[PDB]
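Please read the structure below before turning to the comments.
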Number of protein chains: 2
Amino acid sequence: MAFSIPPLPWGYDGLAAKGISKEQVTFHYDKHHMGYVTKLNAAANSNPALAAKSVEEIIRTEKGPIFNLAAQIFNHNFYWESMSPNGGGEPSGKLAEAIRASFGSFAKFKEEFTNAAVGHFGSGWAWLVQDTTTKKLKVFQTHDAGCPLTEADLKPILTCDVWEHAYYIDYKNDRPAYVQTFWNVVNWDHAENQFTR
Amino acid sequence: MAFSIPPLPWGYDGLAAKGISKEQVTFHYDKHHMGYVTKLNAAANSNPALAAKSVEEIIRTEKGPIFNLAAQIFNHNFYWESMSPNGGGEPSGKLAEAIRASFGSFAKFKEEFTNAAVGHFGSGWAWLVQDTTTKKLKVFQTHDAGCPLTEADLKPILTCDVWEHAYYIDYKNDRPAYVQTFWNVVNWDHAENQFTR
Ligand SMILES: [Fe+3]
Ligand SMILES: [Fe+3]
């Protein structure tokens, strides 16, 4: 039973106190996120070769509907880890310095990331990524199930899901208020560990 | 103040007895549909030439965010017309015959359209269109704000919005159930009129 996903890092109701409700997290994880696993497992049932590949291996090598499934699996995993009930505020140490050295300031990064997340048209993802050659951090968008892992030199640090299902239950059309909530839950512990390796 | 949209053909609660609630229609129309109009009016404020263009002219000639706004305006206008509190069932007369002449049967058409609507990944639109050269009817998908008017010989007949905001209030993740509701409100009167010209 080929593919699985980790449990939510902080439980179904983990972000309720900070603006992402138990109901919002339940539909998103149980229906959307697990739905991809379900569909991937069905594809894997008749293809032993596919079943033996990691989600990351699939993202790097596959195309079409099967790519979208693995990509969405990784993106959602990374999304839940990008948030915490103890998130928010600004980072410190290595990451905070790197943000300054790439964006000029935290405020400027926050502006660019907000503008990317709020401005994305249709279904997609706002990322903080690092260029592994230059070591520069950048804001980076993907559309639909796009994933920075398909680009040779990009290492994801953080992501915010901006598909409508990520926020529709709590925020309806109001994605700006959702993104403001993302800033209150953003997990700098996870981001720092991604940055460091 | 340059652009406007028609009122809902059948009122905010018009489809509530057939599976699309007042709430769902209110957010879709008041927030999403009218939101495009507001954003297009802001672009038109400083650009008298754009302000004097029809939405269809913009769809055929402009590119980028301004295209997306006009195309979404047209597409949503067409969507509301594509439904009716008196819709559902099967067409009659000229359109019913043309459906048979293009798909082999109404059932086959319905299967193909349902598969398109349900299967569309990310944000988009399922359409019935006519090729104005061959006269043949086809199921045709657009992604994001894509609009059949950008292709020379396609005339739209009907559309179902499959952006998550179109169904998320009433149906959450369950797009299949939403598409089944679409079949109960589909407006053959609008379809027939688009077909005949
Ligand atoms: Fe999602
Ligand atoms: Fe819509």
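Keep in mind that the numbers below use all heavy atoms, side chains included, and drop hydrogens, waters and symmetry copies. Within every chain, numbering begins at 1; the chains are lettered A, B, ... in the order of the sequence lines, protein sequences first and strands thereafter. Order of appearance sets the numbers: ligands from 1, and atoms from 1 within every ligand.
Take a cut-off of 2.8 Å around the Fe ion (ligand 2): the protein N, O or S atoms inside it are B:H28 NE2, B:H76 NE2, B:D161 OD2, B:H165 NE2.
Residues that satisfy the side chain to side chain donor-acceptor pair (under 3.5 Å) test with A:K135, not counting sequence neighbours, are absent from this structure. By the side chain to side chain donor-acceptor pair (under 3.5 Å) test, B:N173 pairs with no residue at all, sequence neighbours left out.
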For residues 88-99 of chain B, run the donor-acceptor check on the side chains, cut-off 3.5 Å, and write out each pair with its distance to 0.1 Å, sequence neighbours left out.
none

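For the residue pair B:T181 / B:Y171, a side-chain donor-acceptor distance below 3.5 Å is found, with atom types taken as modelled.
Between A:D131 and A:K138 there is no salt bridge, since none of the side-chain N atoms of the basic residue sits less than 4.0 Å from a carboxylate O of the acidic one.
In this structure, the separation between CD1 on B:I59 and OG on B:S54 is 8.0 Å, given to the nearest 0.5 Å.
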